[PDB]
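**Student:** I am sharing structure.txt, which consists of compact mmCIF, C-alpha atoms:
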# COMPACT_ATOMS: atom_id res chain seq x y z
CA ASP A 604 -26.77 7.48 -71.62
CA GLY A 605 -27.65 10.64 -69.69
CA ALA A 606 -26.91 11.28 -65.95
CA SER A 607 -25.18 13.95 -63.81
CA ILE A 608 -24.60 14.45 -60.05
CA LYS A 609 -24.04 17.85 -58.37
CA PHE A 610 -22.57 18.38 -54.88
CA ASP A 611 -23.06 21.12 -52.25
CA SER A 612 -21.21 21.71 -48.93
CA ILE A 613 -19.64 18.51 -47.54
CA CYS A 614 -19.45 18.00 -43.76
CA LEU A 615 -17.97 15.84 -40.97
CA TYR A 616 -19.86 14.39 -38.00
CA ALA A 617 -17.14 13.60 -35.47
CA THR A 618 -18.31 11.73 -32.36
CA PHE A 619 -16.18 10.85 -29.30
CA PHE A 620 -16.83 10.20 -25.67
CA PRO A 621 -17.69 13.08 -23.12
CA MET A 622 -14.58 12.28 -21.06
CA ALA A 623 -13.97 13.48 -17.50
CA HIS A 624 -11.89 16.65 -17.88
CA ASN A 625 -9.41 15.48 -15.20
CA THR A 626 -9.03 12.15 -17.07
CA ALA A 627 -9.15 13.70 -20.59
CA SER A 628 -5.93 15.56 -19.70
CA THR A 629 -4.22 12.58 -17.99
CA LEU A 630 -5.30 9.42 -19.90
CA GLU A 631 -3.37 10.75 -22.96
CA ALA A 632 -0.09 9.47 -21.40
CA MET A 633 -0.26 6.17 -23.34
CA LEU A 634 -0.42 7.93 -26.73
CA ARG A 635 1.74 10.85 -25.51
CA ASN A 636 4.75 8.53 -25.88
CA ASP A 637 6.20 6.96 -29.04
CA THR A 638 6.45 3.58 -27.24
CA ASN A 639 2.83 2.49 -27.87
CA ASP A 640 1.11 3.53 -31.11
CA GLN A 641 -2.37 2.59 -32.39
CA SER A 642 -1.34 0.22 -35.20
CA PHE A 643 -3.77 -0.98 -37.89
CA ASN A 644 -3.89 -3.18 -41.00
CA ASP A 645 -6.33 -4.93 -43.35
CA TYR A 646 -6.91 -8.67 -42.79
CA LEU A 647 -6.17 -8.86 -46.52
CA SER A 648 -3.01 -6.76 -46.10
CA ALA A 649 -2.17 -8.03 -49.60
CA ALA A 650 -0.70 -6.47 -52.75
CA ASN A 651 -1.90 -7.61 -56.20
CA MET A 652 -0.87 -7.27 -59.88
CA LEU A 653 -2.97 -6.78 -63.05
CA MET B 1 3.32 -0.96 6.50
CA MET B 2 2.41 1.86 4.08
CA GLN B 3 4.00 3.88 1.25
CA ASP B 4 4.92 7.54 0.76
CA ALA B 5 3.10 9.48 -2.02
CA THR B 6 3.44 7.30 -5.15
CA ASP B 7 6.88 8.37 -6.44
CA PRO B 8 6.20 11.28 -8.87
CA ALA B 9 9.19 10.60 -11.16
CA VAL B 10 8.14 6.92 -11.28
CA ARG B 11 4.36 7.49 -11.82
CA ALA B 12 5.17 9.37 -15.04
CA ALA B 13 7.74 6.58 -15.97
CA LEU B 14 4.98 4.04 -15.33
CA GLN B 15 2.83 5.66 -17.93
CA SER B 16 5.59 6.07 -20.55
CA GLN B 17 8.57 3.53 -20.71
CA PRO B 18 8.25 -0.22 -21.58
CA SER B 19 7.06 -2.65 -18.91
CA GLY B 20 8.16 -6.22 -19.67
CA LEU B 21 11.36 -6.11 -21.70
CA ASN B 22 13.31 -2.93 -22.40
CA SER B 23 16.14 -4.72 -24.24
CA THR B 24 18.57 -1.77 -23.97
CA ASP B 25 17.80 -0.53 -20.42
CA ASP B 26 17.43 -4.03 -18.92
CA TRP B 27 20.26 -5.29 -21.16
CA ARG B 28 21.90 -7.83 -18.78
CA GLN B 29 18.37 -8.96 -17.80
CA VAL B 30 17.48 -9.83 -21.42
CA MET B 31 21.06 -11.13 -21.96
CA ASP B 32 20.60 -13.36 -18.87
CA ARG B 33 17.24 -14.51 -20.30
CA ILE B 34 18.55 -15.31 -23.81
CA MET B 35 21.77 -17.12 -22.70
CA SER B 36 19.51 -19.74 -21.00
CA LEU B 37 20.86 -18.53 -17.62
CA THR B 38 17.52 -17.61 -15.93
CA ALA B 39 16.66 -19.77 -12.89
CA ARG B 40 12.88 -19.97 -13.63
CA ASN B 41 13.26 -22.10 -16.78
CA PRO B 42 16.56 -22.08 -18.77
CA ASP B 43 15.14 -22.99 -22.21
CA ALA B 44 12.36 -20.37 -22.24
CA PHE B 45 14.22 -18.80 -25.19
CA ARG B 46 14.63 -22.14 -27.04
CA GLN B 47 10.92 -23.14 -27.01
CA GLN B 48 9.80 -19.67 -28.21
CA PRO B 49 8.98 -19.05 -31.93
CA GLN B 50 12.03 -18.35 -34.12
CA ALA B 51 11.08 -14.84 -35.35
CA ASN B 52 10.55 -13.10 -31.97
CA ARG B 53 13.58 -15.12 -30.81
CA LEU B 54 15.63 -13.16 -33.39
CA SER B 55 13.98 -9.88 -32.28
CA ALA B 56 15.45 -10.38 -28.79
CA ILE B 57 18.97 -11.05 -30.19
CA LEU B 58 19.08 -8.03 -32.58
CA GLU B 59 17.88 -5.66 -29.82
CA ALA B 60 20.06 -6.92 -26.92
CA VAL B 61 23.43 -7.69 -28.60
CA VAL B 62 23.20 -4.32 -30.41
CA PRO B 63 21.63 -1.94 -27.80
CA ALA B 64 19.22 0.54 -29.44
CA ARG B 65 18.84 4.11 -28.09
CA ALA B 66 15.30 4.43 -26.68
CA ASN B 67 13.63 7.83 -26.15
CA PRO B 68 14.25 9.15 -22.58
CA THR B 69 13.01 12.80 -22.75
CA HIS B 70 9.27 12.05 -22.36
CA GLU B 71 9.83 10.14 -19.09
CA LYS B 72 11.98 13.02 -17.77
CA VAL B 73 9.82 16.04 -18.74
CA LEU B 74 6.63 14.22 -17.65
CA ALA B 75 8.43 13.32 -14.39
CA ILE B 76 8.55 17.07 -13.65
CA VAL B 77 4.93 17.78 -14.73
CA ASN B 78 3.48 14.84 -12.73
CA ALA B 79 5.54 15.98 -9.72
CA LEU B 80 4.00 19.40 -10.45
CA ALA B 81 0.66 17.58 -10.00
CA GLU B 82 1.68 15.91 -6.69
CA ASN B 83 3.45 18.98 -5.22
CA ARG B 84 0.37 20.82 -6.62
CA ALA B 85 2.37 23.34 -8.68
CA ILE B 86 -0.32 22.71 -11.35
CA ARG B 87 -3.96 21.53 -11.30
CA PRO B 88 -4.78 17.93 -12.49
CA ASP B 89 -6.59 19.22 -15.63
CA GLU B 90 -3.50 21.32 -16.54
CA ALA B 91 -1.61 18.13 -17.60
CA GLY B 92 -2.33 18.87 -21.30
CA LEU B 93 -0.71 22.31 -21.43
CA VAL B 94 2.39 22.33 -19.17
CA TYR B 95 3.56 18.89 -20.42
CA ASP B 96 3.89 20.24 -23.99
CA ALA B 97 4.52 23.96 -23.23
CA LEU B 98 7.85 22.92 -21.68
CA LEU B 99 8.36 20.36 -24.48
CA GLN B 100 7.91 23.24 -26.94
CA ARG B 101 10.28 25.22 -24.69
CA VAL B 102 12.89 22.43 -24.99
CA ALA B 103 12.06 22.22 -28.73
CA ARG B 104 13.50 25.75 -29.00
CA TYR B 105 16.25 24.99 -26.45
CA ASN B 106 17.01 21.26 -26.88
CA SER B 107 20.67 21.72 -26.71
CA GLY B 108 21.90 24.29 -24.15
CA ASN B 109 23.24 23.60 -20.64
CA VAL B 110 19.63 23.92 -19.39
CA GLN B 111 18.59 20.26 -19.93
CA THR B 112 21.75 19.08 -18.12
CA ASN B 113 20.29 21.05 -15.21
CA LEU B 114 16.75 19.71 -15.98
CA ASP B 115 17.60 16.08 -15.00
CA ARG B 116 19.40 17.33 -11.86
CA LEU B 117 16.24 19.37 -11.22
CA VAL B 118 14.24 16.12 -11.83
CA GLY B 119 16.00 14.62 -8.78
CA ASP B 120 15.36 17.90 -6.92
CA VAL B 121 11.63 18.21 -7.79
CA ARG B 122 10.92 14.50 -7.02
CA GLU B 123 12.63 14.98 -3.62
CA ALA B 124 10.56 18.16 -3.08
CA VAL B 125 7.40 15.99 -3.25
CA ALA B 126 8.90 13.61 -0.63
CA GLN B 127 10.09 16.56 1.51
CA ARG B 128 6.70 18.34 1.52
CA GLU B 129 4.62 15.16 2.01
CA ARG B 130 6.52 14.50 5.26
CA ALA B 131 6.21 18.25 6.02
CA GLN B 132 2.42 18.53 5.51
CA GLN B 133 1.90 15.76 8.10
CA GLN B 134 3.62 18.19 10.47
CA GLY B 135 1.59 21.35 9.70
CA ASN B 136 3.79 23.04 12.33
CA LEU B 137 5.40 25.11 9.53
CA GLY B 138 2.20 27.11 8.91
CA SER B 139 1.60 27.24 12.68
CA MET B 140 4.83 28.11 14.55
CA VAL B 141 5.50 31.12 12.26
CA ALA B 142 1.89 32.18 12.94
CA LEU B 143 2.44 31.70 16.71
CA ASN B 144 5.61 33.85 16.43
CA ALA B 145 3.34 36.67 15.20
CA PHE B 146 0.97 35.95 18.13
CA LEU B 147 3.76 36.01 20.76
CA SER B 148 5.22 39.28 19.40
CA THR B 149 1.95 41.28 19.08
CA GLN B 150 0.34 40.07 22.35
CA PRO B 151 2.17 41.49 25.44
CA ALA B 152 4.13 38.58 26.96
CA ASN B 153 4.87 38.14 30.70
CA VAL B 154 2.76 40.99 32.15
CA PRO B 155 0.63 39.48 34.96
CA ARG B 156 1.05 42.15 37.66
CA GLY B 157 -2.04 40.86 39.48
CA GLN B 158 -0.91 37.29 40.15
CA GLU B 159 1.39 35.22 37.90
CA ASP B 160 0.43 31.71 36.74
CA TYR B 161 0.68 32.68 33.04
CA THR B 162 4.40 31.77 32.64
CA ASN B 163 3.29 28.10 32.55
CA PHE B 164 0.57 29.01 29.99
CA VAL B 165 3.17 30.41 27.52
CA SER B 166 4.55 26.87 26.99
CA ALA B 167 1.00 25.40 27.02
CA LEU B 168 0.12 27.05 23.68
CA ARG B 169 3.53 25.99 22.29
CA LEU B 170 2.80 22.36 23.27
CA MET B 171 -0.34 22.44 21.08
CA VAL B 172 1.87 23.19 18.03
CA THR B 173 4.33 20.36 18.76
CA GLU B 174 2.02 17.50 19.87
CA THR B 175 -0.77 17.73 17.26
CA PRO B 176 0.44 19.27 13.96
CA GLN B 177 -1.84 17.92 11.15
CA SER B 178 -4.94 20.17 10.86
CA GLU B 179 -3.73 22.43 13.70
CA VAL B 180 -3.26 25.68 11.75
CA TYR B 181 -3.01 29.01 13.62
CA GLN B 182 -4.82 30.94 10.85
CA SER B 183 -4.51 34.73 10.68
CA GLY B 184 -7.58 35.61 8.57
CA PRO B 185 -9.03 38.43 10.69
CA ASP B 186 -6.56 40.29 12.99
CA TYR B 187 -7.61 38.13 15.97
CA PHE B 188 -5.54 34.92 16.12
CA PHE B 189 -7.45 31.61 16.17
CA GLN B 190 -6.61 27.89 16.23
CA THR B 191 -8.40 25.03 14.44
CA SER B 192 -8.24 21.53 15.96
CA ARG B 193 -10.11 19.30 13.46
CA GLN B 194 -10.01 18.90 9.63
CA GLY B 195 -13.64 20.30 9.59
CA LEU B 196 -13.31 23.11 12.25
CA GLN B 197 -15.93 22.50 14.87
CA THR B 198 -14.05 24.33 17.76
CA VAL B 199 -12.10 27.27 16.24
CA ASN B 200 -12.18 30.00 18.90
CA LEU B 201 -10.23 33.27 19.06
CA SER B 202 -6.88 33.51 20.88
CA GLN B 203 -7.78 37.21 21.29
CA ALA B 204 -10.97 36.22 23.12
CA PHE B 205 -8.18 35.08 25.46
CA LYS B 206 -7.59 38.83 26.14
CA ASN B 207 -10.47 38.53 28.66
CA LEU B 208 -8.10 36.49 30.88
CA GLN B 209 -5.47 39.28 31.23
CA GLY B 210 -7.37 40.81 34.18
CA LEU B 211 -8.30 37.35 35.51
CA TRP B 212 -4.74 35.94 35.77
CA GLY B 213 -5.00 36.01 39.58
CA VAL B 214 -8.17 36.60 41.61
CA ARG B 215 -9.67 35.25 44.87
CA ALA B 216 -11.36 31.83 45.07
CA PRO B 217 -14.78 31.46 47.05
CA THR B 218 -15.44 27.94 47.59
CA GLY B 219 -15.80 24.83 45.41
CA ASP B 220 -18.89 25.83 43.36
CA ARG B 221 -18.62 27.97 40.13
CA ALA B 222 -17.39 31.32 41.52
CA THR B 223 -19.32 34.53 42.30
CA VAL B 224 -16.96 36.44 39.94
CA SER B 225 -15.82 33.87 37.31
CA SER B 226 -19.13 34.04 35.34
CA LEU B 227 -17.45 36.69 33.12
CA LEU B 228 -15.36 34.00 31.34
CA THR B 229 -16.78 33.85 27.80
CA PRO B 230 -17.73 30.48 26.14
CA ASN B 231 -15.28 31.65 23.44
CA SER B 232 -12.31 31.66 25.88
CA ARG B 233 -13.85 28.65 27.71
CA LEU B 234 -13.54 26.73 24.41
CA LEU B 235 -9.77 27.47 24.29
CA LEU B 236 -9.15 26.43 27.91
CA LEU B 237 -10.85 23.05 27.31
CA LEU B 238 -8.71 22.63 24.15
CA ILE B 239 -5.39 23.23 25.97
CA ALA B 240 -6.60 20.80 28.69
CA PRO B 241 -5.42 17.59 26.94
CA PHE B 242 -1.94 19.23 26.76
CA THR B 243 -1.10 20.92 30.10
CA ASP B 244 -2.41 20.18 33.61
CA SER B 245 0.20 20.72 36.36
CA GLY B 246 1.79 24.18 36.71
CA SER B 247 -1.09 26.65 37.04
CA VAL B 248 -2.21 27.04 40.68
CA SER B 249 -5.36 24.87 41.20
CA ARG B 250 -6.28 26.78 44.40
CA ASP B 251 -5.73 30.51 43.48
CA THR B 252 -7.79 31.27 40.42
CA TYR B 253 -9.67 29.43 37.86
CA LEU B 254 -6.59 29.37 35.50
CA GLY B 255 -5.71 26.24 37.48
CA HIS B 256 -8.85 25.20 39.42
CA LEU B 257 -10.96 25.12 36.23
CA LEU B 258 -8.07 23.53 34.25
CA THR B 259 -8.14 20.63 36.73
CA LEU B 260 -11.95 20.70 36.26
CA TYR B 261 -11.49 20.58 32.46
CA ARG B 262 -9.72 17.24 33.03
CA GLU B 263 -12.90 16.12 34.85
CA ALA B 264 -14.79 16.67 31.56
CA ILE B 265 -12.21 14.58 29.63
CA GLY B 266 -11.99 12.06 32.52
CA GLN B 267 -15.71 11.33 32.25
CA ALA B 268 -15.62 11.36 28.41
CA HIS B 269 -13.13 8.51 27.83
CA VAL B 270 -14.80 6.37 30.53
CA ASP B 271 -18.22 6.94 28.88
CA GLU B 272 -16.58 6.20 25.49
CA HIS B 273 -15.61 2.74 26.82
CA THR B 274 -19.11 2.48 28.36
CA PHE B 275 -20.97 3.31 25.10
CA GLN B 276 -18.84 0.95 22.95
CA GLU B 277 -20.21 -1.98 25.01
CA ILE B 278 -23.97 -1.30 25.47
CA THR B 279 -24.32 -0.49 21.73
CA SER B 280 -22.32 -3.67 20.98
CA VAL B 281 -24.75 -5.69 23.14
CA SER B 282 -27.80 -5.02 20.94
CA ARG B 283 -28.67 -8.64 20.20
CA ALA B 284 -29.75 -9.31 23.73
CA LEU B 285 -31.38 -5.97 24.42
CA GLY B 286 -33.37 -5.44 21.14
CA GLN B 287 -34.12 -1.75 21.74
CA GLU B 288 -32.84 1.75 20.93
CA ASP B 289 -31.00 2.10 24.26
CA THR B 290 -30.90 5.86 24.87
CA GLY B 291 -30.33 4.77 28.49
CA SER B 292 -26.68 4.46 27.40
CA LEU B 293 -26.78 8.28 27.06
CA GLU B 294 -29.22 8.78 29.97
CA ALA B 295 -26.81 7.01 32.36
CA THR B 296 -24.05 9.21 30.88
CA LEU B 297 -26.25 12.21 31.79
CA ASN B 298 -26.84 10.70 35.27
CA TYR B 299 -23.08 10.14 35.82
CA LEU B 300 -22.49 13.90 35.26
CA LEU B 301 -25.54 15.52 36.93
CA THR B 302 -26.21 13.60 40.18
CA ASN B 303 -22.60 13.83 41.49
What is this structure when it is put down as structure tokens?
**Tutor:**
Amino acid sequence: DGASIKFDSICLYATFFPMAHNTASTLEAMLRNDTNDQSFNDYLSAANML
Amino acid sequence: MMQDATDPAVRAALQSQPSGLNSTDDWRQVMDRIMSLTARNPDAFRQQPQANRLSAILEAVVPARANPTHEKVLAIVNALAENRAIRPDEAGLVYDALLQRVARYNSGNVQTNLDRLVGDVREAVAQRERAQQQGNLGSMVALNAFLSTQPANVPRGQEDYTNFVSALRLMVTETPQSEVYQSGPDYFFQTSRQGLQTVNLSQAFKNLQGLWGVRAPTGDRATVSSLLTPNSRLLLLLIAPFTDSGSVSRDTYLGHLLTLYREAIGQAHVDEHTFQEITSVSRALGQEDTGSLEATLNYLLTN
């Protein structure tokens, strides 16, 4: 019909917790090992077909 | 009963390796659990769901190699935190800097040493933790410098000082914890408490070298012994709960005042047992009894 969108500089607004610098260097130990890994999935973990 | 410093090779294992069931490491513990041989309940493996049942069989019958490096390298770096070879905030760098070091050298004879060094560094925590309780190590070596520099066994006036040589050595052996013979300035000085509220110079003691044997008046503070500095007076009250008999109590104040320093301690522990009772009986008095301290003043002044 007649429409156009133009983009400028895209950004990222990363926010985390201001962790205690003694703890921020020592609490990593859980994720520092390959034993326990932050695992995620969709509730509809499904695969379709068209 | 109490523990030693939480085992440094185990603290780092606590944070890395599996807790409940490591099917390869605790193989005959899982094998005992799956064979219905466990004494708690035999059929704890039978009543479980069939899929995780199979997960226990596949993992235990065929033992799978689990990663051991990160509970060995961290065992060093967390021991480096307990032995204080690194600061607690340094746990991000040295953990991986040595992992990047073993990334370059995974496979020399060095890592065969590393695990032998693991047993050495974990023992070094246990060795030093028992050694810091006896702070004699940073005290006796310091006293060796004191005994060498200060002229030993030269009382050519009168000699009672031979007994005093061992008296300073007894202070190192009996109380070791915070008792550090620090050599900051060139004068030697000893601290008694963790916060150092009586740390006098052992070179203020050099005032006593001419007063090792002088004449005694009568029983009231002497006509001469006013020269003894509150600095050296602080030392002689601090050696008083260590040595009593030996120095002549009738020839100079090295002994007469040392017996009188026991009079200060002798009143103190009696008044300690006096104060712990009158303060405890505050339900029946109902007042700020400063008379507990006023009687303490009266039991020292009116004698």
**Student:** With a cut-off of 6 Å and counting all atoms listed in the file, select all residues of chain B in contact with chain A and give the selection as a VMD selection string.
**Tutor:** chain B and resid 15 to 16 88 to 89 91 to 92
**Student:** Those same residues, written as an mmCIF file, keeping the file's coordinate frame with C-alpha atoms?
**Tutor:**
data_model
loop_
_atom_site.group_PDB
_atom_site.id
_atom_site.type_symbol
_atom_site.label_atom_id
_atom_site.label_comp_id
_atom_site.auth_asym_id
_atom_site.auth_seq_id
_atom_site.Cartn_x
_atom_site.Cartn_y
_atom_site.Cartn_z
ATOM 1 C CA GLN B 15 2.830 5.660 -17.930
ATOM 2 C CA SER B 16 5.590 6.070 -20.550
ATOM 3 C CA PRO B 88 -4.780 17.930 -12.490
ATOM 4 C CA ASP B 89 -6.590 19.220 -15.630
ATOM 5 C CA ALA B 91 -1.610 18.130 -17.600
ATOM 6 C CA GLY B 92 -2.330 18.870 -21.300
#
**Student:** Which value, in Å to one decimal, gives the distance between CA of residue 274 (chain B) and CA of residue 193 (chain B)?
**Tutor:**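 Result for CA of residue 274 (chain B) versus CA of residue 193 (chain B): 24.2 Å, one decimal.
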**Student:** Nearest to residue 56 (chain B): which of B:99, B:31, B:254, B:285 is it, counting only C-alpha atoms?
**Tutor:**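 That would be B:31, the residue with the smallest distance to residue 56 (chain B).
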**Student:** Which residues are near region 262-266 of chain B? Cut-off 8 Å, all atoms listed in the file, ignore same chain within fewer than 2 positions. Put them as a PDB file with C-alpha atoms, keeping the file's coordinate frame.
**Tutor:**
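Wrote it out as part.pdb, contents follow:
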ATOM      1  CA  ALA B 240      -6.600  20.800  28.690  1.00  0.00           C
ATOM      2  CA  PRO B 241      -5.420  17.590  26.940  1.00  0.00           C
ATOM      3  CA  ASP B 244      -2.410  20.180  33.610  1.00  0.00           C
ATOM      4  CA  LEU B 258      -8.070  23.530  34.250  1.00  0.00           C
ATOM      5  CA  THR B 259      -8.140  20.630  36.730  1.00  0.00           C
ATOM      6  CA  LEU B 260     -11.950  20.700  36.260  1.00  0.00           C
ATOM      7  CA  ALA B 268     -15.620  11.360  28.410  1.00  0.00           C
ATOM      8  CA  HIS B 269     -13.130   8.510  27.830  1.00  0.00           C
ATOM      9  CA  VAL B 270     -14.800   6.370  30.530  1.00  0.00           C
TER      10      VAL B 270
END
**Student:** Take the point (0.9, 25.8, 22.2) in the file's coordinates, draw a sphere of radius 10 Å around it, and report as a PDB file with C-alpha atoms, keeping the file's coordinate frame every protein, DNA or RNA residue with an atom inside or on it, counting all atoms listed in the file.
**Tutor:**
ATOM      1  CA  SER B 139       1.600  27.240  12.680  1.00  0.00           C
ATOM      2  CA  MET B 140       4.830  28.110  14.550  1.00  0.00           C
ATOM      3  CA  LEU B 143       2.440  31.700  16.710  1.00  0.00           C
ATOM      4  CA  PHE B 164       0.570  29.010  29.990  1.00  0.00           C
ATOM      5  CA  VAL B 165       3.170  30.410  27.520  1.00  0.00           C
ATOM      6  CA  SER B 166       4.550  26.870  26.990  1.00  0.00           C
ATOM      7  CA  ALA B 167       1.000  25.400  27.020  1.00  0.00           C
ATOM      8  CA  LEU B 168       0.120  27.050  23.680  1.00  0.00           C
ATOM      9  CA  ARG B 169       3.530  25.990  22.290  1.00  0.00           C
ATOM     10  CA  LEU B 170       2.800  22.360  23.270  1.00  0.00           C
ATOM     11  CA  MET B 171      -0.340  22.440  21.080  1.00  0.00           C
ATOM     12  CA  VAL B 172       1.870  23.190  18.030  1.00  0.00           C
ATOM     13  CA  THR B 173       4.330  20.360  18.760  1.00  0.00           C
ATOM     14  CA  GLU B 174       2.020  17.500  19.870  1.00  0.00           C
ATOM     15  CA  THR B 175      -0.770  17.730  17.260  1.00  0.00           C
ATOM     16  CA  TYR B 181      -3.010  29.010  13.620  1.00  0.00           C
ATOM     17  CA  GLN B 190      -6.610  27.890  16.230  1.00  0.00           C
ATOM     18  CA  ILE B 239      -5.390  23.230  25.970  1.00  0.00           C
ATOM     19  CA  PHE B 242      -1.940  19.230  26.760  1.00  0.00           C
ATOM     20  CA  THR B 243      -1.100  20.920  30.100  1.00  0.00           C
TER      21      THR B 243
END
**Student:** Have a look at B:34, B:300, B:276, B:7 and name the one nearest to residue 53 (chain B); count only C-alpha atoms.
**Tutor:**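 Result for the nearest residue to residue 53 (chain B): B:34.
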**Student:** Between CA of residue 177 (chain B) and CA of residue 272 (chain B), what is the spacing in Å?
**Tutor:**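 CA of residue 177 (chain B) lies at a distance of 23.7 Å from CA of residue 272 (chain B).
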**Student:** I need the residue nearest residue 220 (chain B) from this list: B:57, B:20, B:102, B:253. Use all atoms listed in the file for the distance.
**Tutor:** B:253
**Student:** Please compute the CA of residue 617 (chain A)-CA of residue 93 (chain B) distance, one decimal, in Å.
**Tutor:**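 Rounded to one decimal, the two atoms are 23.3 Å apart.
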**Student:** Write out as a ChimeraX atom specification which residues come within 9 Å of residue 155 (chain B) when counting only C-alpha atoms, dropping same-chain ones fewer than 5 positions away.
**Tutor:** /B:160-162,209-210,212-213
**Student:** Can you tell me, as a list in words, what residues are no more than 8 Å from residue 199 (chain B) when counting only C-alpha atoms, ignoring any on the same chain fewer than 3 positions away?
**Tutor:**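 The contact residues come out as residues 189, 190, 191, 192 and 196 of chain B.
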**Student:** Generate the output file for the selected residues, C-alpha atoms, as a CSV table (one decimal), in the frame of the given file.
**Tutor:**
chain,number,residue,atom,x,y,z
B,189,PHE,CA,-7.4,31.6,16.2
B,190,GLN,CA,-6.6,27.9,16.2
B,191,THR,CA,-8.4,25.0,14.4
B,192,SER,CA,-8.2,21.5,16.0
B,196,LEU,CA,-13.3,23.1,12.2
**Student:** Can you tell me, as a list in words, what residues are no more than 9 Å from region 105-117 of chain B when counting all atoms listed in the file, ignoring any on the same chain fewer than 3 positions away?
**Tutor:**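 Using all atoms listed in the file, the neighbours found are residues 72, 73, 76, 100, 101, 102, 120, 121 and 122 of chain B.
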